[PDB]
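In what follows, a structure is listed as structure tokens, so that the remarks can point back to it.
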Protein chains: 10
Amino acid sequence: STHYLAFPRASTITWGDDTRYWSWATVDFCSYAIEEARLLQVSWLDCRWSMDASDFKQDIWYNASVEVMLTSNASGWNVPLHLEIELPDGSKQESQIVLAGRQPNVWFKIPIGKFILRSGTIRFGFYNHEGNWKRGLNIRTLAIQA
Amino acid sequence: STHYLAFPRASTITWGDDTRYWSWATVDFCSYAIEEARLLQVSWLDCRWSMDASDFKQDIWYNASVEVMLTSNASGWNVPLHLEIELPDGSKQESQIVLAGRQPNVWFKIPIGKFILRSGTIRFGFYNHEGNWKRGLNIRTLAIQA
Amino acid sequence: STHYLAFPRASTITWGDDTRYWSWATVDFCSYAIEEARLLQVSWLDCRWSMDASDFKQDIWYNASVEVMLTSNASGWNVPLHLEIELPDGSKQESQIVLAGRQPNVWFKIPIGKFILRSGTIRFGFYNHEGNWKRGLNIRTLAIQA
Amino acid sequence: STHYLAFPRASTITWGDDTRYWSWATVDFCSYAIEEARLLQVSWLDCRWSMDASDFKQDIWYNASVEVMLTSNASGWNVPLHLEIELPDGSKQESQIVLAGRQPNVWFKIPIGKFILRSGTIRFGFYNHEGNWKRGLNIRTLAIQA
Amino acid sequence: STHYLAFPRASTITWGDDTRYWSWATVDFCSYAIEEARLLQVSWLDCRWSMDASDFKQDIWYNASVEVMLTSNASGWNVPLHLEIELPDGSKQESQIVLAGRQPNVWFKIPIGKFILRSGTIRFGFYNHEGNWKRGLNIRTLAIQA
Amino acid sequence: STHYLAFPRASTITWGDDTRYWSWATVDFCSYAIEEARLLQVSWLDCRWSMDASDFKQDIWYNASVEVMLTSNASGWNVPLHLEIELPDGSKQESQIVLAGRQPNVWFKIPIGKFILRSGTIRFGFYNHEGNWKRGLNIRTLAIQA
Amino acid sequence: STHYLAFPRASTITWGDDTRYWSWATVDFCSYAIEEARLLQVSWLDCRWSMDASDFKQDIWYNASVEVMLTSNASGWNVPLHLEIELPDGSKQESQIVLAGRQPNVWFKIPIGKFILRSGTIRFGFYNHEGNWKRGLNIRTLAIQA
Amino acid sequence: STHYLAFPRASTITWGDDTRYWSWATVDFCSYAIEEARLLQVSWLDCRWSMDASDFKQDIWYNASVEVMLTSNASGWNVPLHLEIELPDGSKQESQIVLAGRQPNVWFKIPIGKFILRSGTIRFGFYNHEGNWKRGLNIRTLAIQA
Amino acid sequence: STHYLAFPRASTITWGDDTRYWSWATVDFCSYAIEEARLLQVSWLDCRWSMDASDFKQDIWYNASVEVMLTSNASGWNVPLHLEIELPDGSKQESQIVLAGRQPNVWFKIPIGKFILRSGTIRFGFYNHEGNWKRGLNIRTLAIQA
Amino acid sequence: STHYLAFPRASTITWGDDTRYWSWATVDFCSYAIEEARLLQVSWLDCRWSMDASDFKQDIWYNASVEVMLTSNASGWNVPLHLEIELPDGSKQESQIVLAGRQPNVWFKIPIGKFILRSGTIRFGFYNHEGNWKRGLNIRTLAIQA
Ligand SMILES: CC(=O)N[C@@H]1[C@@H](O)[C@H](O[C@@H]2O[C@H](CO)[C@@H](O[C@@H]3O[C@H](CO)[C@@H](O)[C@H](O)[C@H]3NC(C)=O)[C@H](O)[C@H]2NC(C)=O)[C@@H](CO)O[C@H]1O
Ligand SMILES: CC(=O)N[C@@H]1[C@@H](O)[C@H](O[C@@H]2O[C@H](CO)[C@@H](O[C@@H]3O[C@H](CO)[C@@H](O)[C@H](O)[C@H]3NC(C)=O)[C@H](O)[C@H]2NC(C)=O)[C@@H](CO)O[C@H]1O
Ligand SMILES: CC(=O)N[C@@H]1[C@@H](O)[C@H](O[C@@H]2O[C@H](CO)[C@@H](O[C@@H]3O[C@H](CO)[C@@H](O)[C@H](O)[C@H]3NC(C)=O)[C@H](O)[C@H]2NC(C)=O)[C@@H](CO)O[C@H]1O
Ligand SMILES: CC(=O)N[C@@H]1[C@@H](O)[C@H](O[C@@H]2O[C@H](CO)[C@@H](O[C@@H]3O[C@H](CO)[C@@H](O)[C@H](O)[C@H]3NC(C)=O)[C@H](O)[C@H]2NC(C)=O)[C@@H](CO)O[C@H]1O
Ligand SMILES: CC(=O)N[C@@H]1[C@@H](O)[C@H](O[C@@H]2O[C@H](CO)[C@@H](O[C@@H]3O[C@H](CO)[C@@H](O)[C@H](O)[C@H]3NC(C)=O)[C@H](O)[C@H]2NC(C)=O)[C@@H](CO)O[C@H]1O
Ligand SMILES: CC(=O)N[C@@H]1[C@@H](O)[C@H](O[C@@H]2O[C@H](CO)[C@@H](O[C@@H]3O[C@H](CO)[C@@H](O)[C@H](O)[C@H]3NC(C)=O)[C@H](O)[C@H]2NC(C)=O)[C@@H](CO)O[C@H]1O
Ligand SMILES: CC(=O)N[C@@H]1[C@@H](O)[C@H](O[C@@H]2O[C@H](CO)[C@@H](O[C@@H]3O[C@H](CO)[C@@H](O)[C@H](O)[C@H]3NC(C)=O)[C@H](O)[C@H]2NC(C)=O)[C@@H](CO)O[C@H]1O
Ligand SMILES: CC(=O)N[C@@H]1[C@@H](O)[C@H](O[C@@H]2O[C@H](CO)[C@@H](O[C@@H]3O[C@H](CO)[C@@H](O)[C@H](O)[C@H]3NC(C)=O)[C@H](O)[C@H]2NC(C)=O)[C@@H](CO)O[C@H]1O
Ligand SMILES: CC(=O)N[C@@H]1[C@@H](O)[C@H](O[C@@H]2O[C@H](CO)[C@@H](O[C@@H]3O[C@H](CO)[C@@H](O)[C@H](O)[C@H]3NC(C)=O)[C@H](O)[C@H]2NC(C)=O)[C@@H](CO)O[C@H]1O
Ligand SMILES: CC(=O)N[C@@H]1[C@@H](O)[C@H](O[C@@H]2O[C@H](CO)[C@@H](O[C@@H]3O[C@H](CO)[C@@H](O)[C@H](O)[C@H]3NC(C)=O)[C@H](O)[C@H]2NC(C)=O)[C@@H](CO)O[C@H]1O
């Protein structure tokens, strides 16, 4: 069951405020006004939510997902999209996914890992820092469940 | 626009795990499994979410709401439901609302106050500690917006 | 806000007129002479007000309460006191309360349910038909509010 | 002894919802929240409670009163205030009273007549339909006694 | 260019003053205090502004719009919302729109027709008189332009 | 609360169409295209909106204002600007204001009087007919409130 | 006591398979997966279960009910919904009900008549063939009891 | 998804009406009154529902189950319980199950076979005709699904 | 005579893309669409145009100005606004101006210095880095003349 | 929106300084003194602005236009006017326009192409090098927009 939904405005997005690279659109989500982050083009693709471990219950397994959509204009996804949960000790749940040739214009949930706590910043995010242009990824929300 | 939804499982509820007083029900909320906290009866009514200030962006006004529903069986609401945001310094946004004779079986958003930052625990919650029995309040989510 | 107060004389009470089981006392209620129904002892405990739906406004949520007092001599309340609103179609808001170990000699409002109308008899009441003796309940009024 | 109190919200008041002519104010009446109907000015003065005969016990004489207050701003009462109980057969207990030069700011009970039953709508009310402006009548409650 | 903005208080709304069906909320509109008409529920949905033809210039084409918002609680809009301009000769610009499955929580301008004059009442409005319940339409203003 | 905004295009302005004396400029006003009337120079300064009394609700006090701006080039305002509401009976709410030495380049609302109805043309306007040149007054809108 | 429950998939529904007019939704009913028939809109409303008399015991009175729910979007029910049991000889138990202005979002059982046997098709159903659009009826099950 | 539930009263049970061998108990099943068939003891164990093929849709695969419970007093189940669907042509889907040493006091669904149609009696049932005593099987319902 | 006009979009503005501090508005400038940079509030006030020396003619004196407007809401200008032209060798034309108590709502041209060339980046700008809040400066254009 | 206006004095014009062929005239442009380049007659028609790529923002599409006017004395335009943007790599946006038989004495914007950057001279210009005499073209400004 879902503990937190966090919307991309609560995240840090490199070039997030620069309309050459990113855009925002107001939409309804089960009666709540949210803003989707809509990637036009960027090379330093980086989206991180920062939350404290004390926000979460200890001695219980959490899983985290990011809900996204590829547009008809999608390109540059022939590279590994790195998925990361950083715990307060400095350790990392590292995984990757390749978004190339997935169906456009449907929402899908990318799992970004699992964690358990036994106080301090937890980072949830995805990134690709390579010199190619990523285009046409829409971000809806980070979900944290237990 | 909505930055965080936090579901009652992420909160501390006095007698929350005791099926004499509280129950839980799995439902769908925009593709996501959540559990509604469904009050049968309690005298110490207390629900608190704990989040850290570093979860939030500075130099911007946040408002916080709690989405609830009264059942057909609702009673004991002829008392002030106290609403509280506690900031890290110990200071408090205190307000109250009276839920008696409201429409049952419709979701409504109780505003619990505003805050702005210029690091540390922020508490979002509602409570009534009086010796009467509160009955038939369903809790969906805490919403934090900016 | 309160639409109708109905005093126990306007109700049907099994054995109401039999001074072995029930008694009446004249008192003042806000400038108005009323008679409290004071249960000495009864096994068939049954109190019903009958009012017509056309007495009430449609497309609005009503709640109904019964104001009572337990005496120092109270006993037999370790049973479910059944609470009922019967609508004209035959359908029922069924709930219960247990009066055992409440404070004696203070007025309290028992909620007996909620209703909304979209013509015909509406019944408001409480009953316990078990073979034990209920003792020491004083009834002041049925309140109907919106 | 009092069988029913009915508050003006349960009644039909011509222009009742129109704040050019009528207003409402929340006050307490013996633990119960009621709304007083407070006439600012109206020419078609008409207040009617509708209750069914089956609400009442047969073979017993009922009397009905309306508790009102004139304000310091009272005027237009140099006309007959018509008092009426309409029985289900269509027949009417007609009387009148002149409110001019009465003490302001004290509650007084206007008797509006008597009835006995041996099923159907009973109307309790007062009216004046003349082209002058009635001002400064506050209505508390209809009382029905036996 | 805009000749008149007319706010819903200047209009006739069936059940407009009845808080079971309609509500009002004070908001700012470019320096000016206006009241939005916020439909909770009604079956006889009818909103008409009445203005005289002499208010308007002759031998010039006017267009008229009504600015509205659907809430997240919107329902009953799977029926034709009738749009009408009645000229003083009795003739009518009749059109309709279906509001079902539109984006909630965004203002949009419904065009209600065009007219040209070559003295007497002009009616601008929208209605649906069917026995279903319309819910969750907020009305900002009628605009008349030329 | 505001009932009608009327823009200067809906008014009669002596020499309004003559670009030696008056000019017009398209601007946005809360999403609505309006045209400001911008006085360059005129001696017969006269601006009148004509609306019918039946456009307005009876038994309620209306106030009317005209929102204007003086430019840096303002002059000839060392005379009384006459403010007038003409009612259908022929009677007039006459007031005046002196615009000399006010702050330029800020919008301010000139109150032009009050009226109540207990059918026919109502005129709202301002004028000065003296042989001097009035210069540099920009007109935004007539507001009618209740 | 209940002899058969028959779910709408076992019935014939005009336009049942056409998602412009009807939809289906999988839900749980006491451990059993059923599909509710959910009317969006249709003009030829017709739902018939066909069962043989030999399915049933002779010399005993059966009653049949259909359990339905009106949605918040309900409309077109200001017409008689015809209720019909056709026996093998061709004879019919004809009755009707009007669903307009009933509470939405609660299950209720429509009785569709009675039969007794002393071999061949029995039809249980409801229909309305008029040119208006029926909307927002959800069907759970036909119940046959004795 | 479930097409028909058929309760044991609709079936033929050898010695069903003889309280030495079988008993019945009224219980609630998702708001419907049903009677469980509760085997005390019998040697000729035989339960058959009879329905006509025309009750069912052709060219679609049906499966049938019987929901039962073994009591703490269960015995004699160390034999094959024969499961049978007889089609109208006379052909039979024959299978068996052994109920010995199953968990008592939990409902479980015995599959009794599959069928497809390309008019006439279909028999669904289970039997054991051996001379031993079967004891402590409770029958809830036959389910037919597609 | 004017050689180049450069509009604030062509410049770097600290917090320029952050709507907490800066905003943009589309306006017409002699038939050309430009965006005015409109300061709401900022502490690090910094605006720099970057152009290359090869953009300019050598052996001729250029002067540079910035056209701005203070709003009615202006504040924090009781500090020196630093004006700067940086030449490619690293040398700087430094001057300052105090904007406090200037006329609001009129465009004025701030001279930011002079330069002459005898290849490389030239920076034209104004800044104030002090910890107070600057508010209500609108920027139209940098002008370069010779 | 417009990023730069560049006036013909900032450009190189073959024979620009020779009053046999070209002339200059001081005029006002939105408060700014500019000089129009007014062609009397020339055979080598060539006008080039030189700006550096670092003057412009990367990863964004720019379009460039030249605003001109033909005089009543215009002639020699029965040839292709070549339009050119040269990028630093040496590559070219080549297009052409024919100015013969256009309206004289109105400003019009000739688009000269589009560019995007992913450091060095960018050339914007128009030319015709043929041996005929071009006459009566007035140049106002190069506009660069994004
Ligand atoms: C050269 C190549 O392979 N392709 C180019 C892209 O690399 C380039 O993207 C930009 O790359 C720079 C350099 O990595 C990014 O900035 C760096 O990354 C982070 C920003 O948070 C920071 O830690 C580094 O200091 C910073 N180094 C710099 C400024 O060089 C920059 O974010 C990328 N820009 C964008 C818009 O994504 C793109 C666009 O510049 O061009 C390709 O040709
Ligand atoms: C007697 C009466 O009228 N009311 C009874 C209620 O008081 C009682 O609810 C319990 O009340 C007690 C005292 O208010 C609660 O105790 C407190 O719990 C809080 C938070 O966990 C703790 O901080 C206090 O120190 C603690 N004080 C104690 C233990 O005395 C207790 O939580 C309430 N329990 C519930 C389930 O609401 C109920 C049931 O005990 O009966 C009423 O009749
Ligand atoms: C049996 C026992 O241990 N306790 C006795 C009580 O049962 C008994 O109360 C009386 O109970 C009967 C039946 O429960 C009540 O009679 C019923 O009355 C209602 C209408 O009032 C009618 O619908 C029923 O048919 C009728 N059933 C009968 C007569 O069998 C009766 O009201 C109860 N009386 C009182 C005063 O409550 C008490 C009192 O006699 O004695 C206990 O020992
Ligand atoms: C002119 C004068 O001396 N007095 C005016 C009043 O007559 C007038 O009061 C309004 O009078 C009309 C007519 O009596 C009322 O309309 C009546 O309303 C009733 C109830 O709904 C309805 O049954 C009648 O058919 C209807 N008569 C009609 C339609 O003519 C109206 O209710 C009165 N208004 C109020 C607010 O009481 C007032 C207001 O117009 O002005 C006096 O000057
Ligand atoms: C003479 C002086 O000092 N100032 C002159 C201004 O008076 C004059 O303005 C014009 O004045 C005339 C007379 O007041 C205006 O004409 C009047 O207009 C109204 C209708 O608008 C009409 O009912 C009157 O009959 C008419 N008066 C006449 C013609 O007798 C006229 O509108 C004014 N014009 C303007 C542009 O405001 C100006 C301009 O003529 O000149 C000054 O010298
Ligand atoms: C125009 C108007 O007022 N109402 C229209 C509706 O009538 C129409 O519903 C369709 O109506 C037709 C005619 O009644 C229905 O077809 C009929 O019904 C059965 C089919 O089971 C058949 O036995 C009849 O002969 C057949 N008559 C024909 C085909 O003419 C049809 O089922 C209705 N459609 C639906 C989806 O309910 C609707 C939609 O067509 O439009 C209204 O405007
Ligand atoms: C029965 C059904 O299908 N739905 C019910 C609705 O009919 C009903 O709303 C009320 O409906 C009537 C008629 O549509 C409306 O009465 C009319 O009011 C108008 C405007 O005042 C007037 O012109 C008509 O003369 C009058 N018709 C009558 C009285 O016969 C009435 O305004 C509606 N009320 C509301 C609140 O919208 C609603 C509520 O009763 O219930 C539905 O079930
Ligand atoms: C003797 C032994 O070992 N066991 C005894 C059981 O046989 C007996 O149960 C009864 O068995 C008979 C024969 O199996 C059953 O009669 C049969 O009933 C069917 C269906 O009606 C019918 O087709 C047969 O003709 C009939 N067979 C006959 C008459 O021979 C009978 O239904 C069984 N009864 C019960 C209650 O299950 C029991 C009880 O007599 O005793 C065992 O000792
Ligand atoms: C403390 C006080 O009275 N004033 C506060 C403002 O100073 C503060 O504005 C921010 O101030 C900081 C400190 O100078 C600025 O940070 C600097 O920004 C420049 C430009 O990017 C950067 O080069 C410096 O490294 C950086 N120093 C840091 C971060 O340590 C910052 O830009 C200012 N922000 C704004 C919006 O102007 C405001 C809120 O930011 O709070 C005042 O109370
Ligand atoms: C001869 C004819 O039919 N018409 C004559 C025009 O051709 C002539 O204009 C001059 O033309 C020459 C050649 O087109 C131009 O010279 C060129 O200038 C460019 C750059 O300015 C340079 O790259 C070339 O090297 C150079 N070519 C040479 C020198 O051969 C010259 O610019 C033109 N002059 C003008 C004023 O446009 C005119 C004027 O002499 O006379 C026509 O009759």
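Each chain of the structure tokens is named A, B, ... in the order shown, its residues numbered from 1; ligands are numbered from 1 in display order.
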For region 97-114 of chain D, list every protein, DNA or RNA residue within 8 Å, evaluated using only C-alpha atoms, and leave out those in the same chain fewer than 2 positions away; present the list as a short mmCIF file (atom, residue, chain, number, x, y, z; two decimals) with N, CA, C and O atoms, in the first residue's frame.
```cif
data_model
loop_
_atom_site.label_atom_id
_atom_site.label_comp_id
_atom_site.auth_asym_id
_atom_site.auth_seq_id
_atom_site.Cartn_x
_atom_site.Cartn_y
_atom_site.Cartn_z
N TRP D 61 -56.93 17.07 23.06
CA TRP D 61 -56.92 18.50 22.64
C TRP D 61 -55.48 19.03 22.64
O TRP D 61 -54.83 19.03 23.71
N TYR D 62 -55.02 19.47 21.47
CA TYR D 62 -53.71 20.14 21.25
C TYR D 62 -53.93 21.64 21.15
O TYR D 62 -54.96 22.05 20.56
N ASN D 63 -53.04 22.43 21.74
CA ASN D 63 -52.97 23.88 21.48
C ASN D 63 -51.59 24.18 20.87
O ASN D 63 -50.63 23.46 21.18
N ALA D 64 -51.53 25.18 19.99
CA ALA D 64 -50.31 25.58 19.26
C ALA D 64 -50.03 27.06 19.51
O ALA D 64 -50.97 27.87 19.49
N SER D 65 -48.76 27.39 19.77
CA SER D 65 -48.27 28.76 19.98
C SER D 65 -47.03 29.02 19.12
O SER D 65 -46.35 28.04 18.75
N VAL D 66 -46.77 30.28 18.78
CA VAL D 66 -45.53 30.72 18.07
C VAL D 66 -44.83 31.75 18.95
O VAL D 66 -45.45 32.79 19.24
N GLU D 67 -43.59 31.50 19.35
CA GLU D 67 -42.79 32.42 20.20
C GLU D 67 -42.04 33.40 19.29
O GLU D 67 -41.26 32.96 18.42
N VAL D 68 -42.27 34.70 19.50
CA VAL D 68 -41.71 35.80 18.65
C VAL D 68 -41.18 36.90 19.56
O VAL D 68 -41.44 36.87 20.77
N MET D 69 -40.45 37.84 18.95
CA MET D 69 -39.89 39.06 19.59
C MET D 69 -39.99 40.18 18.56
O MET D 69 -39.64 39.94 17.38
N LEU D 70 -40.48 41.35 18.97
CA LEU D 70 -40.38 42.59 18.15
C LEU D 70 -39.05 43.27 18.48
O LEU D 70 -38.71 43.28 19.66
N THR D 71 -38.31 43.77 17.49
CA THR D 71 -37.06 44.54 17.70
C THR D 71 -37.39 46.02 17.96
O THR D 71 -38.58 46.39 17.77
N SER D 72 -36.39 46.81 18.35
CA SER D 72 -36.49 48.29 18.54
C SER D 72 -36.86 48.98 17.21
O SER D 72 -37.37 50.12 17.26
N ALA D 74 -39.05 47.81 14.98
CA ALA D 74 -40.35 47.25 14.54
C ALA D 74 -41.23 48.36 13.97
O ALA D 74 -41.14 49.50 14.46
N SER D 75 -42.04 48.03 12.96
CA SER D 75 -42.95 48.95 12.23
C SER D 75 -43.82 48.15 11.27
O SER D 75 -43.43 47.03 10.92
N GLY D 76 -44.95 48.73 10.85
CA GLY D 76 -45.92 48.12 9.92
C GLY D 76 -46.86 47.13 10.60
O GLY D 76 -47.53 46.40 9.88
N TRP D 77 -46.93 47.13 11.93
CA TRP D 77 -47.73 46.13 12.70
C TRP D 77 -49.10 46.70 13.06
O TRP D 77 -49.83 46.02 13.82
N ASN D 78 -49.44 47.87 12.51
CA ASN D 78 -50.78 48.51 12.68
C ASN D 78 -51.81 47.78 11.82
O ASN D 78 -52.82 48.39 11.48
N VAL D 79 -51.55 46.52 11.47
CA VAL D 79 -52.44 45.67 10.63
C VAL D 79 -52.68 44.35 11.37
O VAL D 79 -51.89 43.95 12.24
N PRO D 80 -53.77 43.64 11.04
CA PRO D 80 -54.06 42.36 11.66
C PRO D 80 -53.08 41.28 11.16
O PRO D 80 -53.10 41.01 9.98
N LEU D 81 -52.26 40.74 12.07
CA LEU D 81 -51.48 39.48 11.84
C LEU D 81 -52.45 38.30 11.96
O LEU D 81 -52.90 38.02 13.08
N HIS D 82 -52.76 37.66 10.84
CA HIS D 82 -53.70 36.51 10.75
C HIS D 82 -53.00 35.25 11.26
O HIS D 82 -51.85 35.02 10.88
N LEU D 83 -53.68 34.50 12.12
CA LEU D 83 -53.21 33.25 12.77
C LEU D 83 -54.11 32.11 12.29
O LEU D 83 -55.34 32.32 12.20
N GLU D 84 -53.53 30.97 11.92
CA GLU D 84 -54.25 29.93 11.15
C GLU D 84 -53.70 28.53 11.48
O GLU D 84 -52.47 28.34 11.46
N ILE D 85 -54.62 27.61 11.80
CA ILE D 85 -54.40 26.14 11.75
C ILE D 85 -55.32 25.59 10.67
O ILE D 85 -56.53 25.76 10.80
N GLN D 93 -58.91 27.13 11.61
CA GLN D 93 -59.10 27.85 12.90
C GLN D 93 -58.47 29.25 12.69
O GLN D 93 -57.20 29.35 12.72
N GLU D 94 -59.30 30.26 12.40
CA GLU D 94 -58.84 31.62 12.04
C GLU D 94 -58.99 32.52 13.26
O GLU D 94 -60.04 32.48 13.92
N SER D 95 -57.92 33.25 13.60
CA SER D 95 -57.90 34.31 14.63
C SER D 95 -56.92 35.39 14.15
O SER D 95 -56.29 35.17 13.10
N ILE D 116 -58.25 18.78 17.71
CA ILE D 116 -58.35 17.39 18.24
C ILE D 116 -58.56 16.46 17.05
O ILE D 116 -59.18 16.92 16.09
N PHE D 124 -49.74 25.03 10.39
CA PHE D 124 -49.67 26.01 11.50
C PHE D 124 -48.91 27.24 10.99
O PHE D 124 -47.83 27.09 10.41
N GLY D 125 -49.47 28.44 11.13
CA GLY D 125 -48.86 29.63 10.51
C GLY D 125 -49.48 30.95 10.92
O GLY D 125 -50.49 30.98 11.65
N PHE D 126 -48.86 32.02 10.46
CA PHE D 126 -49.33 33.41 10.59
C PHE D 126 -48.94 34.09 9.29
O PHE D 126 -47.98 33.64 8.63
#
```
Could you tell me which residues of chain E sit within 7 Å of chain F when counting only C-alpha atoms, and give me the result as JSON, numbers by chain? {"E": [1, 2, 3, 4, 5, 6, 7, 9, 10, 29, 30, 32, 33, 34, 35, 50, 51, 52, 55, 56]}
Excluding residue 39 (chain D) and its own-chain neighbours fewer than 6 positions away, which residues fall within 6 Å of it when counting only C-alpha atoms? Please give them as a PyMOL selection string. chain D and resi 22+135-137
Export, as a PDB file, in the first residue's frame, the selected residues with N, CA, C and O atoms.
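The new file part07.pdb reads:
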```pdb
ATOM      1  N   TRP D  22     -35.445  38.962   4.708  1.00  0.00           N
ATOM      2  CA  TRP D  22     -35.272  38.094   5.907  1.00  0.00           C
ATOM      3  C   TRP D  22     -33.785  37.855   6.180  1.00  0.00           C
ATOM      4  O   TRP D  22     -32.981  37.930   5.226  1.00  0.00           O
ATOM      5  N   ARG D 135     -41.718  44.965   9.519  1.00  0.00           N
ATOM      6  CA  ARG D 135     -40.284  45.065   9.899  1.00  0.00           C
ATOM      7  C   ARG D 135     -40.106  44.596  11.346  1.00  0.00           C
ATOM      8  O   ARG D 135     -40.978  44.913  12.162  1.00  0.00           O
ATOM      9  N   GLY D 136     -38.996  43.911  11.639  1.00  0.00           N
ATOM     10  CA  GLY D 136     -38.485  43.724  13.009  1.00  0.00           C
ATOM     11  C   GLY D 136     -39.293  42.725  13.823  1.00  0.00           C
ATOM     12  O   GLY D 136     -39.499  42.999  15.020  1.00  0.00           O
ATOM     13  N   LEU D 137     -39.718  41.607  13.214  1.00  0.00           N
ATOM     14  CA  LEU D 137     -40.260  40.411  13.930  1.00  0.00           C
ATOM     15  C   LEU D 137     -39.223  39.281  13.886  1.00  0.00           C
ATOM     16  O   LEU D 137     -38.817  38.890  12.789  1.00  0.00           O
TER      17      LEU D 137
END
```
Using only C-alpha atoms and all ligand atoms, which protein or nucleic acid residues are at most 7 Å from ligand 2, as a PyMOL selection string? (chain B and resi 14-15+21+42-45+129-133) or (chain C and resi 102)
Name the residues of region 8-80 of chain B that come out as strand (DSSP E or B) in a backbone DSSP run; write them as a PyMOL selection string. chain B and resi 12-13+22-29+32-39+42+45-52+62-75
How would the residues just chosen look if you wrote them out with C-alpha atoms as a short mmCIF file (atom, residue, chain, number, x, y, z; two decimals), in the first residue's frame?
```
data_model
loop_
_atom_site.label_atom_id
_atom_site.label_comp_id
_atom_site.auth_asym_id
_atom_site.auth_seq_id
_atom_site.Cartn_x
_atom_site.Cartn_y
_atom_site.Cartn_z
CA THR B 12 1.11 7.90 13.82
CA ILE B 13 -2.52 7.20 14.96
CA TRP B 22 -9.63 1.85 14.14
CA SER B 23 -9.79 -0.24 10.93
CA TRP B 24 -8.02 -0.12 7.51
CA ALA B 25 -9.40 -0.80 4.00
CA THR B 26 -7.42 -1.22 0.75
CA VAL B 27 -8.78 0.97 -2.13
CA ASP B 28 -7.47 2.26 -5.49
CA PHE B 29 -6.42 5.95 -5.79
CA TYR B 32 -2.13 3.27 -6.61
CA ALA B 33 -3.10 0.92 -3.73
CA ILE B 34 -3.73 3.05 -0.55
CA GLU B 35 -5.25 2.15 2.83
CA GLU B 36 -7.96 4.48 4.28
CA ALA B 37 -7.86 4.82 8.11
CA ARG B 38 -11.53 4.24 9.18
CA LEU B 39 -12.35 5.30 12.77
CA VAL B 42 -11.90 6.41 19.90
CA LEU B 45 -8.27 10.93 18.50
CA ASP B 46 -4.70 11.83 17.34
CA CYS B 47 -3.19 11.62 13.80
CA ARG B 48 0.30 13.12 13.08
CA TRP B 49 2.47 12.96 9.93
CA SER B 50 6.20 13.69 10.59
CA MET B 51 8.25 15.14 7.66
CA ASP B 52 11.61 17.06 7.71
CA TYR B 62 3.13 25.77 1.46
CA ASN B 63 -0.49 25.00 2.46
CA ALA B 64 -1.48 21.60 3.99
CA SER B 65 -4.91 19.87 3.88
CA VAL B 66 -6.30 16.50 5.18
CA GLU B 67 -8.96 14.78 2.98
CA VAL B 68 -11.61 12.99 5.14
CA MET B 69 -15.17 11.53 4.91
CA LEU B 70 -17.82 11.21 7.68
CA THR B 71 -19.80 7.88 7.55
CA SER B 72 -23.61 7.41 8.07
CA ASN B 73 -22.61 6.22 11.62
CA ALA B 74 -20.73 9.49 12.50
CA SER B 75 -21.11 10.90 16.09
#
```
